[PDB]
$ cat final_15.pdb   # PDB, N, CA and C atoms
ATOM      1  N   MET A   1       2.830 -13.903   0.407  1.00  0.00           N
ATOM      2  CA  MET A   1       4.039 -13.120   0.804  1.00  0.00           C
ATOM      3  C   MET A   1       5.256 -13.668   0.073  1.00  0.00           C
ATOM      4  N   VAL A   2       5.367 -14.996   0.024  1.00  0.00           N
ATOM      5  CA  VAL A   2       6.491 -15.629  -0.658  1.00  0.00           C
ATOM      6  C   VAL A   2       6.431 -15.270  -2.136  1.00  0.00           C
ATOM      7  N   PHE A   3       5.245 -15.433  -2.718  1.00  0.00           N
ATOM      8  CA  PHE A   3       5.041 -15.117  -4.126  1.00  0.00           C
ATOM      9  C   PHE A   3       5.310 -13.643  -4.380  1.00  0.00           C
ATOM     10  N   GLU A   4       5.074 -12.826  -3.360  1.00  0.00           N
ATOM     11  CA  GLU A   4       5.334 -11.400  -3.456  1.00  0.00           C
ATOM     12  C   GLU A   4       6.839 -11.198  -3.652  1.00  0.00           C
ATOM     13  N   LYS A   5       7.613 -12.094  -3.028  1.00  0.00           N
ATOM     14  CA  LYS A   5       9.072 -12.045  -3.076  1.00  0.00           C
ATOM     15  C   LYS A   5       9.601 -12.631  -4.375  1.00  0.00           C
ATOM     16  N   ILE A   6       9.085 -13.806  -4.732  1.00  0.00           N
ATOM     17  CA  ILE A   6       9.469 -14.471  -5.971  1.00  0.00           C
ATOM     18  C   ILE A   6       9.112 -13.538  -7.135  1.00  0.00           C
ATOM     19  N   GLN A   7       7.939 -12.917  -7.018  1.00  0.00           N
ATOM     20  CA  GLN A   7       7.472 -11.942  -7.992  1.00  0.00           C
ATOM     21  C   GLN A   7       8.431 -10.756  -7.987  1.00  0.00           C
ATOM     22  N   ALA A   8       8.914 -10.376  -6.789  1.00  0.00           N
ATOM     23  CA  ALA A   8       9.854  -9.263  -6.673  1.00  0.00           C
ATOM     24  C   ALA A   8      11.131  -9.578  -7.448  1.00  0.00           C
ATOM     25  N   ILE A   9      11.595 -10.817  -7.296  1.00  0.00           N
ATOM     26  CA  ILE A   9      12.790 -11.301  -7.983  1.00  0.00           C
ATOM     27  C   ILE A   9      12.584 -11.340  -9.503  1.00  0.00           C
ATOM     28  N   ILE A  10      11.445 -11.877  -9.923  1.00  0.00           N
ATOM     29  CA  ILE A  10      11.129 -12.011 -11.346  1.00  0.00           C
ATOM     30  C   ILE A  10      10.943 -10.628 -11.983  1.00  0.00           C
ATOM     31  N   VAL A  11      10.228  -9.764 -11.276  1.00  0.00           N
ATOM     32  CA  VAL A  11       9.953  -8.409 -11.725  1.00  0.00           C
ATOM     33  C   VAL A  11      11.256  -7.628 -11.878  1.00  0.00           C
ATOM     34  N   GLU A  12      12.142  -7.742 -10.891  1.00  0.00           N
ATOM     35  CA  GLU A  12      13.422  -7.035 -10.932  1.00  0.00           C
ATOM     36  C   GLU A  12      14.389  -7.673 -11.941  1.00  0.00           C
ATOM     37  N   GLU A  13      14.491  -8.998 -11.887  1.00  0.00           N
ATOM     38  CA  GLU A  13      15.405  -9.744 -12.757  1.00  0.00           C
ATOM     39  C   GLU A  13      15.020  -9.587 -14.226  1.00  0.00           C
ATOM     40  N   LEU A  14      13.720  -9.624 -14.485  1.00  0.00           N
ATOM     41  CA  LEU A  14      13.209  -9.497 -15.859  1.00  0.00           C
ATOM     42  C   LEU A  14      12.863  -8.055 -16.215  1.00  0.00           C
ATOM     43  N   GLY A  15      12.714  -7.203 -15.200  1.00  0.00           N
ATOM     44  CA  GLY A  15      12.346  -5.808 -15.434  1.00  0.00           C
ATOM     45  C   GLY A  15      10.908  -5.731 -15.956  1.00  0.00           C
ATOM     46  N   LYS A  16      10.106  -6.740 -15.597  1.00  0.00           N
ATOM     47  CA  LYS A  16       8.715  -6.816 -16.012  1.00  0.00           C
ATOM     48  C   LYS A  16       7.835  -6.419 -14.826  1.00  0.00           C
ATOM     49  N   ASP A  17       6.568  -6.075 -15.077  1.00  0.00           N
ATOM     50  CA  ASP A  17       5.669  -5.668 -13.997  1.00  0.00           C
ATOM     51  C   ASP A  17       5.131  -6.881 -13.249  1.00  0.00           C
ATOM     52  N   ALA A  18       4.772  -6.671 -11.981  1.00  0.00           N
ATOM     53  CA  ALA A  18       4.227  -7.744 -11.152  1.00  0.00           C
ATOM     54  C   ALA A  18       2.942  -8.282 -11.777  1.00  0.00           C
ATOM     55  N   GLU A  19       2.132  -7.367 -12.316  1.00  0.00           N
ATOM     56  CA  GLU A  19       0.877  -7.743 -12.967  1.00  0.00           C
ATOM     57  C   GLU A  19       1.143  -8.639 -14.181  1.00  0.00           C
ATOM     58  N   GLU A  20       2.266  -8.389 -14.862  1.00  0.00           N
ATOM     59  CA  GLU A  20       2.647  -9.178 -16.035  1.00  0.00           C
ATOM     60  C   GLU A  20       3.028 -10.605 -15.640  1.00  0.00           C
ATOM     61  N   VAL A  21       3.539 -10.774 -14.412  1.00  0.00           N
ATOM     62  CA  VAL A  21       3.920 -12.102 -13.925  1.00  0.00           C
ATOM     63  C   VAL A  21       2.656 -12.814 -13.430  1.00  0.00           C
ATOM     64  N   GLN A  22       2.292 -13.915 -14.103  1.00  0.00           N
ATOM     65  CA  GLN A  22       1.084 -14.669 -13.746  1.00  0.00           C
ATOM     66  C   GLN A  22       1.408 -16.088 -13.298  1.00  0.00           C
ATOM     67  N   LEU A  23       0.711 -16.507 -12.246  1.00  0.00           N
ATOM     68  CA  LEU A  23       0.896 -17.834 -11.666  1.00  0.00           C
ATOM     69  C   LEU A  23       0.575 -18.933 -12.675  1.00  0.00           C
ATOM     70  N   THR A  24      -0.588 -18.822 -13.318  1.00  0.00           N
ATOM     71  CA  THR A  24      -1.022 -19.823 -14.301  1.00  0.00           C
ATOM     72  C   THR A  24      -0.204 -19.772 -15.597  1.00  0.00           C
ATOM     73  N   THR A  25       0.473 -18.648 -15.836  1.00  0.00           N
ATOM     74  CA  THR A  25       1.265 -18.474 -17.051  1.00  0.00           C
ATOM     75  C   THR A  25       2.721 -18.925 -16.858  1.00  0.00           C
ATOM     76  N   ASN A  26       3.339 -19.399 -17.949  1.00  0.00           N
ATOM     77  CA  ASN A  26       4.746 -19.827 -17.938  1.00  0.00           C
ATOM     78  C   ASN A  26       5.632 -18.675 -18.395  1.00  0.00           C
ATOM     79  N   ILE A  27       6.643 -18.358 -17.597  1.00  0.00           N
ATOM     80  CA  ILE A  27       7.579 -17.266 -17.887  1.00  0.00           C
ATOM     81  C   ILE A  27       8.461 -17.570 -19.108  1.00  0.00           C
ATOM     82  N   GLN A  28       8.904 -18.819 -19.249  1.00  0.00           N
ATOM     83  CA  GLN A  28       9.782 -19.175 -20.365  1.00  0.00           C
ATOM     84  C   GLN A  28       9.113 -18.895 -21.713  1.00  0.00           C
ATOM     85  N   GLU A  29       7.786 -19.026 -21.763  1.00  0.00           N
ATOM     86  CA  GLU A  29       7.033 -18.766 -22.992  1.00  0.00           C
ATOM     87  C   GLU A  29       6.417 -17.369 -22.975  1.00  0.00           C
ATOM     88  N   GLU A  30       5.923 -16.962 -21.802  1.00  0.00           N
ATOM     89  CA  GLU A  30       5.296 -15.647 -21.650  1.00  0.00           C
ATOM     90  C   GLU A  30       6.306 -14.549 -21.927  1.00  0.00           C
ATOM     91  N   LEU A  31       7.471 -14.681 -21.301  1.00  0.00           N
ATOM     92  CA  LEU A  31       8.530 -13.689 -21.451  1.00  0.00           C
ATOM     93  C   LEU A  31       9.698 -14.200 -22.299  1.00  0.00           C
ATOM     94  N   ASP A  32       9.535 -15.374 -22.936  1.00  0.00           N
ATOM     95  CA  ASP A  32      10.605 -15.939 -23.767  1.00  0.00           C
ATOM     96  C   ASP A  32      11.874 -16.093 -22.924  1.00  0.00           C
ATOM     97  N   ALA A  33      11.689 -16.615 -21.708  1.00  0.00           N
ATOM     98  CA  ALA A  33      12.797 -16.798 -20.775  1.00  0.00           C
ATOM     99  C   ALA A  33      13.534 -18.107 -21.028  1.00  0.00           C
ATOM    100  N   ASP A  34      14.857 -18.038 -20.901  1.00  0.00           N
ATOM    101  CA  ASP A  34      15.718 -19.195 -21.097  1.00  0.00           C
ATOM    102  C   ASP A  34      16.082 -19.808 -19.748  1.00  0.00           C
ATOM    103  N   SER A  35      16.845 -20.899 -19.786  1.00  0.00           N
ATOM    104  CA  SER A  35      17.261 -21.582 -18.563  1.00  0.00           C
ATOM    105  C   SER A  35      18.064 -20.651 -17.661  1.00  0.00           C
ATOM    106  N   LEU A  36      18.816 -19.724 -18.263  1.00  0.00           N
ATOM    107  CA  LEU A  36      19.622 -18.780 -17.488  1.00  0.00           C
ATOM    108  C   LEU A  36      18.748 -17.846 -16.661  1.00  0.00           C
ATOM    109  N   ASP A  37      17.674 -17.337 -17.275  1.00  0.00           N
ATOM    110  CA  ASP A  37      16.769 -16.418 -16.585  1.00  0.00           C
ATOM    111  C   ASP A  37      16.123 -17.111 -15.397  1.00  0.00           C
ATOM    112  N   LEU A  38      15.685 -18.347 -15.621  1.00  0.00           N
ATOM    113  CA  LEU A  38      15.070 -19.147 -14.559  1.00  0.00           C
ATOM    114  C   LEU A  38      16.115 -19.494 -13.508  1.00  0.00           C
ATOM    115  N   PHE A  39      17.307 -19.813 -13.994  1.00  0.00           N
ATOM    116  CA  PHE A  39      18.433 -20.155 -13.148  1.00  0.00           C
ATOM    117  C   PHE A  39      18.712 -18.991 -12.200  1.00  0.00           C
ATOM    118  N   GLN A  40      18.746 -17.780 -12.757  1.00  0.00           N
ATOM    119  CA  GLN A  40      18.989 -16.578 -11.964  1.00  0.00           C
ATOM    120  C   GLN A  40      17.849 -16.269 -11.006  1.00  0.00           C
ATOM    121  N   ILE A  41      16.600 -16.451 -11.447  1.00  0.00           N
ATOM    122  CA  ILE A  41      15.447 -16.192 -10.577  1.00  0.00           C
ATOM    123  C   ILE A  41      15.533 -17.136  -9.377  1.00  0.00           C
ATOM    124  N   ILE A  42      15.904 -18.383  -9.659  1.00  0.00           N
ATOM    125  CA  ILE A  42      16.064 -19.391  -8.625  1.00  0.00           C
ATOM    126  C   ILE A  42      17.294 -19.055  -7.770  1.00  0.00           C
ATOM    127  N   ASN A  43      18.339 -18.498  -8.389  1.00  0.00           N
ATOM    128  CA  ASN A  43      19.521 -18.104  -7.625  1.00  0.00           C
ATOM    129  C   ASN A  43      19.144 -16.960  -6.694  1.00  0.00           C
ATOM    130  N   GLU A  44      18.293 -16.074  -7.208  1.00  0.00           N
ATOM    131  CA  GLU A  44      17.816 -14.919  -6.472  1.00  0.00           C
ATOM    132  C   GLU A  44      16.896 -15.323  -5.332  1.00  0.00           C
ATOM    133  N   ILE A  45      15.963 -16.260  -5.582  1.00  0.00           N
ATOM    134  CA  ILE A  45      15.089 -16.719  -4.502  1.00  0.00           C
ATOM    135  C   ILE A  45      15.935 -17.536  -3.525  1.00  0.00           C
ATOM    136  N   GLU A  46      16.934 -18.236  -4.069  1.00  0.00           N
ATOM    137  CA  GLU A  46      17.858 -19.003  -3.246  1.00  0.00           C
ATOM    138  C   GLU A  46      18.621 -18.025  -2.343  1.00  0.00           C
ATOM    139  N   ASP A  47      19.030 -16.899  -2.909  1.00  0.00           N
ATOM    140  CA  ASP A  47      19.741 -15.881  -2.144  1.00  0.00           C
ATOM    141  C   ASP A  47      18.799 -15.173  -1.162  1.00  0.00           C
ATOM    142  N   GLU A  48      17.533 -15.011  -1.568  1.00  0.00           N
ATOM    143  CA  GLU A  48      16.537 -14.314  -0.745  1.00  0.00           C
ATOM    144  C   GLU A  48      16.004 -15.199   0.396  1.00  0.00           C
ATOM    145  N   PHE A  49      15.316 -16.289   0.040  1.00  0.00           N
ATOM    146  CA  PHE A  49      14.742 -17.213   1.034  1.00  0.00           C
ATOM    147  C   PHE A  49      15.663 -18.390   1.346  1.00  0.00           C
ATOM    148  N   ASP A  50      16.579 -18.711   0.423  1.00  0.00           N
ATOM    149  CA  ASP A  50      17.475 -19.865   0.577  1.00  0.00           C
ATOM    150  C   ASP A  50      16.675 -21.092   1.007  1.00  0.00           C
ATOM    151  N   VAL A  51      15.914 -21.590   0.039  1.00  0.00           N
ATOM    152  CA  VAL A  51      15.033 -22.742   0.214  1.00  0.00           C
ATOM    153  C   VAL A  51      15.295 -23.740  -0.908  1.00  0.00           C
ATOM    154  N   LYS A  52      14.724 -24.940  -0.801  1.00  0.00           N
ATOM    155  CA  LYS A  52      14.927 -25.953  -1.837  1.00  0.00           C
ATOM    156  C   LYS A  52      14.044 -25.637  -3.037  1.00  0.00           C
ATOM    157  N   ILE A  53      14.657 -25.063  -4.077  1.00  0.00           N
ATOM    158  CA  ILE A  53      13.918 -24.700  -5.287  1.00  0.00           C
ATOM    159  C   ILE A  53      14.276 -25.638  -6.433  1.00  0.00           C
ATOM    160  N   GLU A  54      13.476 -26.690  -6.590  1.00  0.00           N
ATOM    161  CA  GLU A  54      13.696 -27.644  -7.669  1.00  0.00           C
ATOM    162  C   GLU A  54      13.337 -26.970  -8.992  1.00  0.00           C
ATOM    163  N   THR A  55      14.302 -26.919  -9.916  1.00  0.00           N
ATOM    164  CA  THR A  55      14.083 -26.266 -11.209  1.00  0.00           C
ATOM    165  C   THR A  55      14.815 -26.985 -12.342  1.00  0.00           C
ATOM    166  N   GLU A  56      14.644 -26.462 -13.559  1.00  0.00           N
ATOM    167  CA  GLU A  56      15.258 -27.052 -14.754  1.00  0.00           C
ATOM    168  C   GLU A  56      14.807 -28.508 -14.929  1.00  0.00           C
ATOM    169  N   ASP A  57      13.645 -28.834 -14.354  1.00  0.00           N
ATOM    170  CA  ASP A  57      13.077 -30.172 -14.446  1.00  0.00           C
ATOM    171  C   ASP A  57      11.580 -30.081 -14.771  1.00  0.00           C
ATOM    172  N   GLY A  58      11.217 -29.080 -15.583  1.00  0.00           N
ATOM    173  CA  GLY A  58       9.821 -28.865 -15.967  1.00  0.00           C
ATOM    174  C   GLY A  58       9.209 -27.638 -15.270  1.00  0.00           C
ATOM    175  N   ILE A  59       9.968 -27.007 -14.360  1.00  0.00           N
ATOM    176  CA  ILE A  59       9.472 -25.831 -13.632  1.00  0.00           C
ATOM    177  C   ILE A  59       9.871 -24.548 -14.362  1.00  0.00           C
ATOM    178  N   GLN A  60       8.883 -23.894 -14.969  1.00  0.00           N
ATOM    179  CA  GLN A  60       9.098 -22.624 -15.674  1.00  0.00           C
ATOM    180  C   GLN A  60       7.849 -21.741 -15.569  1.00  0.00           C
ATOM    181  N   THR A  61       7.008 -22.048 -14.584  1.00  0.00           N
ATOM    182  CA  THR A  61       5.779 -21.324 -14.355  1.00  0.00           C
ATOM    183  C   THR A  61       5.794 -20.771 -12.947  1.00  0.00           C
ATOM    184  N   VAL A  62       5.302 -19.552 -12.810  1.00  0.00           N
ATOM    185  CA  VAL A  62       5.267 -18.881 -11.521  1.00  0.00           C
ATOM    186  C   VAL A  62       4.529 -19.761 -10.501  1.00  0.00           C
ATOM    187  N   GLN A  63       3.463 -20.443 -10.940  1.00  0.00           N
ATOM    188  CA  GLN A  63       2.708 -21.312 -10.039  1.00  0.00           C
ATOM    189  C   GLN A  63       3.595 -22.438  -9.486  1.00  0.00           C
ATOM    190  N   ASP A  64       4.348 -23.152 -10.351  1.00  0.00           N
ATOM    191  CA  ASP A  64       5.192 -24.241  -9.854  1.00  0.00           C
ATOM    192  C   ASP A  64       6.364 -23.702  -9.052  1.00  0.00           C
ATOM    193  N   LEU A  65       6.970 -22.628  -9.548  1.00  0.00           N
ATOM    194  CA  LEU A  65       8.106 -22.006  -8.875  1.00  0.00           C
ATOM    195  C   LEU A  65       7.690 -21.582  -7.469  1.00  0.00           C
ATOM    196  N   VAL A  66       6.629 -20.787  -7.409  1.00  0.00           N
ATOM    197  CA  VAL A  66       6.098 -20.280  -6.151  1.00  0.00           C
ATOM    198  C   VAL A  66       5.654 -21.426  -5.248  1.00  0.00           C
ATOM    199  N   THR A  67       4.937 -22.386  -5.818  1.00  0.00           N
ATOM    200  CA  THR A  67       4.449 -23.522  -5.040  1.00  0.00           C
ATOM    201  C   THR A  67       5.625 -24.298  -4.459  1.00  0.00           C
ATOM    202  N   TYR A  68       6.659 -24.503  -5.272  1.00  0.00           N
ATOM    203  CA  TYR A  68       7.829 -25.254  -4.835  1.00  0.00           C
ATOM    204  C   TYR A  68       8.646 -24.486  -3.792  1.00  0.00           C
ATOM    205  N   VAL A  69       8.984 -23.222  -4.075  1.00  0.00           N
ATOM    206  CA  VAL A  69       9.772 -22.425  -3.123  1.00  0.00           C
ATOM    207  C   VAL A  69       8.993 -22.294  -1.826  1.00  0.00           C
ATOM    208  N   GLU A  70       7.726 -21.950  -1.959  1.00  0.00           N
ATOM    209  CA  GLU A  70       6.855 -21.754  -0.809  1.00  0.00           C
ATOM    210  C   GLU A  70       6.643 -23.060  -0.031  1.00  0.00           C
ATOM    211  N   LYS A  71       6.401 -24.157  -0.756  1.00  0.00           N
ATOM    212  CA  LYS A  71       6.180 -25.455  -0.112  1.00  0.00           C
ATOM    213  C   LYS A  71       7.450 -25.911   0.601  1.00  0.00           C
ATOM    214  N   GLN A  72       8.572 -25.795  -0.107  1.00  0.00           N
ATOM    215  CA  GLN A  72       9.865 -26.198   0.440  1.00  0.00           C
ATOM    216  C   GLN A  72      10.295 -25.297   1.596  1.00  0.00           C
ATOM    217  N   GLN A  73      10.029 -23.991   1.483  1.00  0.00           N
ATOM    218  CA  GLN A  73      10.424 -23.051   2.541  1.00  0.00           C
ATOM    219  C   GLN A  73       9.630 -23.303   3.836  1.00  0.00           C
ATOM    220  N   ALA A  74       8.468 -23.947   3.702  1.00  0.00           N
ATOM    221  CA  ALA A  74       7.617 -24.249   4.851  1.00  0.00           C
ATOM    222  C   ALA A  74       8.304 -25.245   5.780  1.00  0.00           C
ATOM    223  N   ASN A  75       8.101 -25.062   7.087  1.00  0.00           N
ATOM    224  CA  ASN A  75       8.700 -25.944   8.088  1.00  0.00           C
ATOM    225  C   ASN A  75       8.296 -27.393   7.836  1.00  0.00           C
TER     226      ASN A  75
END
$ encode --input "final_15.pdb" --output "C-alpha cells"
Amino acid sequence: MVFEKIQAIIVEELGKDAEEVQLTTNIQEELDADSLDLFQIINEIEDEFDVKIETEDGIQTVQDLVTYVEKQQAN
C-alpha cells in the first residue's frame, strides 16, 4: 500500500507508468533522475505520509525508498 503511494508519487512526479517503476531498479539511472527529482519524490512522500525518508545518501532505488519510507512510517 505504501509502495502504491510512493509509486503514485513517482508515477505522477515523473509522468511514468507504475509498471515502469521497479523496486529492484534504480530511478536515477532507469529514468535518468537527478537529486531534484528524488528530492521532490521524497518531498511528495513527505507531504503524503510525512515519515522519515532518508535520501541523498545512496537511496535512488524504489526498493530502498519504499523500504525506508515504509519501515520508518511503521510504528
$ atom_distance --input "final_15.pdb" --atom1 "atom C of residue 52 of chain A" --atom2 "atom N of residue 68 of chain A"
7.8 Å
$ residues_around --input "final_15.pdb" --residues "residue 5 of chain A" --least-positions-apart "5" --cutoff "9 Å" --atoms "only C-alpha atoms" --output "PDB file with N, CA and C atoms, keeping the file's coordinate frame"
ATOM      1  N   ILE A  10      11.445 -11.877  -9.923  1.00  0.00           N
ATOM      2  CA  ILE A  10      11.129 -12.011 -11.346  1.00  0.00           C
ATOM      3  C   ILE A  10      10.943 -10.628 -11.983  1.00  0.00           C
ATOM      4  N   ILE A  45      15.963 -16.260  -5.582  1.00  0.00           N
ATOM      5  CA  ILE A  45      15.089 -16.719  -4.502  1.00  0.00           C
ATOM      6  C   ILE A  45      15.935 -17.536  -3.525  1.00  0.00           C
ATOM      7  N   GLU A  48      17.533 -15.011  -1.568  1.00  0.00           N
ATOM      8  CA  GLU A  48      16.537 -14.314  -0.745  1.00  0.00           C
ATOM      9  C   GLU A  48      16.004 -15.199   0.396  1.00  0.00           C
ATOM     10  N   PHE A  49      15.316 -16.289   0.040  1.00  0.00           N
ATOM     11  CA  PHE A  49      14.742 -17.213   1.034  1.00  0.00           C
ATOM     12  C   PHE A  49      15.663 -18.390   1.346  1.00  0.00           C
TER      13      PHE A  49
END
$ axis_aligned_box --input "final_15.pdb" --around "segment 26-38 of chain A" --padding-each-side "8 Å" --output "AutoDock Vina command-line options"
--center_x 11.5 --center_y -17.6 --center_z -18.6 --size_x 32.3 --size_y 23.9 --size_z 26.3
$ closest_residue --input "final_15.pdb" --among "A:7, A:59, A:70, A:17" --to "residue 29 of chain A" --atoms "only C-alpha atoms"
A:59
$ closest_residue --input "final_15.pdb" --among "A:9, A:66, A:61, A:27" --to "residue 40 of chain A" --atoms "all atoms listed in the file"
A:9
$ residues_around --input "final_15.pdb" --residues "residue 41 of chain A" --least-positions-apart "4" --cutoff "10 Å" --atoms "only C-alpha atoms" --output "PyMOL selection string"
chain A and resi 6-14+35-37+45-47+65
$ write_last_selection --input "final_15.pdb" --atoms "N, CA and C atoms" --output "short mmCIF file (atom, residue, chain, number, x, y, z; two decimals), keeping the file's coordinate frame"
data_model
loop_
_atom_site.label_atom_id
_atom_site.label_comp_id
_atom_site.auth_asym_id
_atom_site.auth_seq_id
_atom_site.Cartn_x
_atom_site.Cartn_y
_atom_site.Cartn_z
N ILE A 6 9.09 -13.81 -4.73
CA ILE A 6 9.47 -14.47 -5.97
C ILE A 6 9.11 -13.54 -7.14
N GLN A 7 7.94 -12.92 -7.02
CA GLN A 7 7.47 -11.94 -7.99
C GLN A 7 8.43 -10.76 -7.99
N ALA A 8 8.91 -10.38 -6.79
CA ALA A 8 9.85 -9.26 -6.67
C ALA A 8 11.13 -9.58 -7.45
N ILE A 9 11.60 -10.82 -7.30
CA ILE A 9 12.79 -11.30 -7.98
C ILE A 9 12.58 -11.34 -9.50
N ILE A 10 11.44 -11.88 -9.92
CA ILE A 10 11.13 -12.01 -11.35
C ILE A 10 10.94 -10.63 -11.98
N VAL A 11 10.23 -9.76 -11.28
CA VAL A 11 9.95 -8.41 -11.72
C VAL A 11 11.26 -7.63 -11.88
N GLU A 12 12.14 -7.74 -10.89
CA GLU A 12 13.42 -7.04 -10.93
C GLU A 12 14.39 -7.67 -11.94
N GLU A 13 14.49 -9.00 -11.89
CA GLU A 13 15.40 -9.74 -12.76
C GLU A 13 15.02 -9.59 -14.23
N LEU A 14 13.72 -9.62 -14.48
CA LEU A 14 13.21 -9.50 -15.86
C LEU A 14 12.86 -8.06 -16.22
N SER A 35 16.84 -20.90 -19.79
CA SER A 35 17.26 -21.58 -18.56
C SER A 35 18.06 -20.65 -17.66
N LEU A 36 18.82 -19.72 -18.26
CA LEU A 36 19.62 -18.78 -17.49
C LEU A 36 18.75 -17.85 -16.66
N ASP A 37 17.67 -17.34 -17.27
CA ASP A 37 16.77 -16.42 -16.58
C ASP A 37 16.12 -17.11 -15.40
N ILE A 45 15.96 -16.26 -5.58
CA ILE A 45 15.09 -16.72 -4.50
C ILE A 45 15.94 -17.54 -3.52
N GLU A 46 16.93 -18.24 -4.07
CA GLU A 46 17.86 -19.00 -3.25
C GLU A 46 18.62 -18.02 -2.34
N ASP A 47 19.03 -16.90 -2.91
CA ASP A 47 19.74 -15.88 -2.14
C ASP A 47 18.80 -15.17 -1.16
N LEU A 65 6.97 -22.63 -9.55
CA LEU A 65 8.11 -22.01 -8.88
C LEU A 65 7.69 -21.58 -7.47
#
$ resolve_selection --input "final_15.pdb" --expression "the PyMOL selection byres (((chain A and resi 55 and name CA) around 8) and name CA)" --output "PyMOL selection string"
chain A and resi 38-39+42+53-54+56-60+65
$ write_last_selection --input "final_15.pdb" --atoms "N, CA and C atoms" --output "PDB file, in the coordinates of the input"
ATOM      1  N   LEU A  38      15.685 -18.347 -15.621  1.00  0.00           N
ATOM      2  CA  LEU A  38      15.070 -19.147 -14.559  1.00  0.00           C
ATOM      3  C   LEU A  38      16.115 -19.494 -13.508  1.00  0.00           C
ATOM      4  N   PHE A  39      17.307 -19.813 -13.994  1.00  0.00           N
ATOM      5  CA  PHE A  39      18.433 -20.155 -13.148  1.00  0.00           C
ATOM      6  C   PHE A  39      18.712 -18.991 -12.200  1.00  0.00           C
ATOM      7  N   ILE A  42      15.904 -18.383  -9.659  1.00  0.00           N
ATOM      8  CA  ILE A  42      16.064 -19.391  -8.625  1.00  0.00           C
ATOM      9  C   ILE A  42      17.294 -19.055  -7.770  1.00  0.00           C
ATOM     10  N   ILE A  53      14.657 -25.063  -4.077  1.00  0.00           N
ATOM     11  CA  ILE A  53      13.918 -24.700  -5.287  1.00  0.00           C
ATOM     12  C   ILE A  53      14.276 -25.638  -6.433  1.00  0.00           C
ATOM     13  N   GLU A  54      13.476 -26.690  -6.590  1.00  0.00           N
ATOM     14  CA  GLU A  54      13.696 -27.644  -7.669  1.00  0.00           C
ATOM     15  C   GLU A  54      13.337 -26.970  -8.992  1.00  0.00           C
ATOM     16  N   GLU A  56      14.644 -26.462 -13.559  1.00  0.00           N
ATOM     17  CA  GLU A  56      15.258 -27.052 -14.754  1.00  0.00           C
ATOM     18  C   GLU A  56      14.807 -28.508 -14.929  1.00  0.00           C
ATOM     19  N   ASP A  57      13.645 -28.834 -14.354  1.00  0.00           N
ATOM     20  CA  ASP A  57      13.077 -30.172 -14.446  1.00  0.00           C
ATOM     21  C   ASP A  57      11.580 -30.081 -14.771  1.00  0.00           C
ATOM     22  N   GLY A  58      11.217 -29.080 -15.583  1.00  0.00           N
ATOM     23  CA  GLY A  58       9.821 -28.865 -15.967  1.00  0.00           C
ATOM     24  C   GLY A  58       9.209 -27.638 -15.270  1.00  0.00           C
ATOM     25  N   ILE A  59       9.968 -27.007 -14.360  1.00  0.00           N
ATOM     26  CA  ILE A  59       9.472 -25.831 -13.632  1.00  0.00           C
ATOM     27  C   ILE A  59       9.871 -24.548 -14.362  1.00  0.00           C
ATOM     28  N   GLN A  60       8.883 -23.894 -14.969  1.00  0.00           N
ATOM     29  CA  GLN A  60       9.098 -22.624 -15.674  1.00  0.00           C
ATOM     30  C   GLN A  60       7.849 -21.741 -15.569  1.00  0.00           C
ATOM     31  N   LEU A  65       6.970 -22.628  -9.548  1.00  0.00           N
ATOM     32  CA  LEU A  65       8.106 -22.006  -8.875  1.00  0.00           C
ATOM     33  C   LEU A  65       7.690 -21.582  -7.469  1.00  0.00           C
TER      34      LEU A  65
END
$ atom_distance --input "final_15.pdb" --atom1 "atom C of residue 51 of chain A" --atom2 "atom N of residue 3 of chain A"
13.2 Å
$ atom_distance --input "final_15.pdb" --atom1 "atom CA of residue 24 of chain A" --atom2 "atom C of residue 75 of chain A"
25.2 Å
$ closest_residue --input "final_15.pdb" --among "A:64, A:43, A:50, A:1" --to "residue 23 of chain A" --atoms "all atoms listed in the file"
A:64
$ select_by_dssp --input "final_15.pdb" --residues "chain A" --states "helix (DSSP H, G or I)" --output "number ranges by chain"
A: 2-14, 27-30, 35-48, 62-73
$ closest_residue --input "final_15.pdb" --among "A:69, A:62, A:31, A:74" --to "residue 15 of chain A" --atoms "only C-alpha atoms"
A:31
$ decode --input "final_15.pdb" --residues "segment 53-62 of chain A" --atoms "N, CA and C atoms" --output "JSON list (two decimals), in the first residue's frame"
[["chain", "number", "residue", "atom", "x", "y", "z"],
["A", 53, "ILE", "N", 12.19, 9.91, 5.69],
["A", 53, "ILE", "CA", 12.70, 9.38, 4.43],
["A", 53, "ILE", "C", 14.15, 9.79, 4.22],
["A", 54, "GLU", "N", 15.06, 8.92, 4.64],
["A", 54, "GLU", "CA", 16.48, 9.18, 4.48],
["A", 54, "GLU", "C", 16.82, 9.07, 2.99],
["A", 55, "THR", "N", 17.37, 10.15, 2.42],
["A", 55, "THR", "CA", 17.71, 10.17, 1.00],
["A", 55, "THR", "C", 18.98, 10.96, 0.73],
["A", 56, "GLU", "N", 19.37, 11.01, -0.55],
["A", 56, "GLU", "CA", 20.59, 11.71, -0.97],
["A", 56, "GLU", "C", 21.82, 11.14, -0.25],
["A", 57, "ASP", "N", 21.70, 9.89, 0.20],
["A", 57, "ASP", "CA", 22.79, 9.21, 0.89],
["A", 57, "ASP", "C", 22.94, 7.78, 0.34],
["A", 58, "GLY", "N", 22.71, 7.63, -0.97],
["A", 58, "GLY", "CA", 22.80, 6.33, -1.63],
["A", 58, "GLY", "C", 21.42, 5.76, -1.99],
["A", 59, "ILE", "N", 20.34, 6.45, -1.58],
["A", 59, "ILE", "CA", 18.98, 5.98, -1.86],
["A", 59, "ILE", "C", 18.47, 6.60, -3.17],
["A", 60, "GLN", "N", 18.37, 5.77, -4.20],
["A", 60, "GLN", "CA", 17.85, 6.20, -5.51],
["A", 60, "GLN", "C", 17.12, 5.05, -6.20],
["A", 61, "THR", "N", 16.72, 4.06, -5.40],
["A", 61, "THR", "CA", 16.03, 2.89, -5.89],
["A", 61, "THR", "C", 14.70, 2.77, -5.18],
["A", 62, "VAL", "N", 13.69, 2.39, -5.94],
["A", 62, "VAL", "CA", 12.34, 2.25, -5.40],
["A", 62, "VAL", "C", 12.36, 1.30, -4.19]]
